[PDB]
Structures are given as structure tokens and as C-alpha cells.
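Peer 1: Pasting an experimental structure, sequence included:
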Amino acid sequence: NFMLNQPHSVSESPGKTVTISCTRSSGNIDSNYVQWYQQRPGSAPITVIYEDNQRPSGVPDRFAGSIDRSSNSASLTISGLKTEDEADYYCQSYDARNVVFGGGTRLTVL
Amino acid sequence: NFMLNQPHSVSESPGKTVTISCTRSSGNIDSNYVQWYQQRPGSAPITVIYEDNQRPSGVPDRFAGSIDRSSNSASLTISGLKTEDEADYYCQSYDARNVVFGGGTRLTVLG
């Protein structure tokens, strides 16, 4: 088993870039795919990144996923922030007998 | 290209067994693994079921995943219902390689 640790929240201005990171506590981050989910409270989550850095159809190119083996973390970078981007972001990966989610990062667009 | 439709709300008394459906709009429900996530207020989702009926350790056997091919859907059944089970439940599967989520179901324990 392992944990995916990410900041409770982060704030940034519209038009700017923000990076939300997810650190895996044990085992190598590159051991399994990392997904990034966007959820606006009251609605189901939406996949913005799957398999570390692949954006599904219909997701703006302003979203990009990356993996950093040196820090054993995954990052979601959102450029040109739009108000609509305000939402909670959860990273997720696979362990052995479970799917583990990060605590989620509340992104506030000032 | 498909959607995973679930009932918006479901309610049941404590102690009883509640079933939450997840219906795939197109393509066989059994052609890709279905996961079930439990999301309590202001917190992160947790996996209660993965690969159709697998329970990670920690999750009570009170939760069970199943597949009904006649209604092309997956179901999460929760027995010994407790007020603590109240939360939003999301089913999830794969379209190509993308992760598709169900609309979600608000489970209220009328108790």
C-alpha cells in the first residue's frame, strides 16, 4: 500500500500557470499510471489526464501531466488559468489490490 | 464512446440493503472493468470496489460489486446499511484507455 500526498489548496490568478503535485509515499511513481481528475463540487469527476500525460478528447491543451522520478511525484500543470478551472483536483494511481486517490487539491482562481 | 448512467438519488433505511446501478449507454458493460468509489462530504474518493467485484482490504464485505448483462449494468450493493454509508458513489470504467465516470448517486440513509 502507499499514499499520494498533495496540498490541500492553492490559489492563482486568471491567465497564469499553476502546478499541482502528487507525491507517492512508497513504491516507485513510475510503477503504475497516474491519472488526474477534475471535480466541481456537486458533479462527477472528469478525467483531464490519464496514463501520466495523455489528455482525453475534449480536454484543453492547457492541461498537461508529468512525472518526476527524482521526487517520486506526478504533476498537473494548468496554463492560462480560466475561472472555469476552479475545482478540486485528485491524482490517482494503482497499487496491488486497490486504487488510491490523493487527498485532492482545491484550486481557487482568484 | 459511452456514458455510465446512475440514479441521481437513492434512499433506504438503516440495516436494509441498498443497490446502486451503473448502466453503460453503449457497448457491453462486461467488456471493461468497473470500479466503485465512495465520496463523503468535503473529502477525497475511496475505492470500495475495483475490477467489478474486488474489495481492497479495509472495506467491509458489506459492499459488493456485481454485473447484470441483461440490463447492461454494474451494481454496487450495500447491506447492513449505516448512516455512515451516506455519501456520493461513482462507478467508473474505460473507454478506449480514457477513464469514464458515472453521473454519481447520492445515497441517503433515511434512518
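Peer 2: On my side now, so go ahead. Numbers count the residues shown, from 1 in each chain, chains lettered A, B, ... in the order given.

Peer 1: Next, count neighbours for residue A:6.
Peer 2: 23 (other CB atoms under 10 Å in any protein chain shown). For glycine as for every other residue, the C-beta is placed from the backbone atoms N, C-alpha and C.

Peer 1: the strands in chain A, which residues?
Peer 2: Applying DSSP state E to chain A gives strands spanning A:4-5, A:9-12, A:18-24, A:34-39, A:46-49, A:63-68, A:73-78, A:87-94, A:99-101, A:105-109.

Peer 1: Let me have these in TSV, extended by mean neighbour count and distance to chain B.
Peer 2: Below are the strands of chain A laid out as TSV (neighbours: other CB atoms under 10 Å in any protein chain shown; distance: least, CB to the nearest CB, whole Å):
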stretch	mean neighbour count	distance to chain B
strand A:4-5	18	9
strand A:9-12	14	12
strand A:18-24	20	12
strand A:34-39	25	6
strand A:46-49	22	4
strand A:63-68	17	13
strand A:73-78	22	14
strand A:87-94	22	6
strand A:99-101	22	4
strand A:105-109	17	10
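
Peer 1: Now render those as JSON lines, adding distance to residue B:90.
Peer 2: JSON lines is the format used below for the strands of chain A (distance: least, CB to CB, whole Å):
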{"stretch": "strand A:4-5", "distance to residue B:90": "18"}
{"stretch": "strand A:9-12", "distance to residue B:90": "22"}
{"stretch": "strand A:18-24", "distance to residue B:90": "19"}
{"stretch": "strand A:34-39", "distance to residue B:90": "10"}
{"stretch": "strand A:46-49", "distance to residue B:90": "11"}
{"stretch": "strand A:63-68", "distance to residue B:90": "21"}
{"stretch": "strand A:73-78", "distance to residue B:90": "20"}
{"stretch": "strand A:87-94", "distance to residue B:90": "12"}
{"stretch": "strand A:99-101", "distance to residue B:90": "11"}
{"stretch": "strand A:105-109", "distance to residue B:90": "19"}
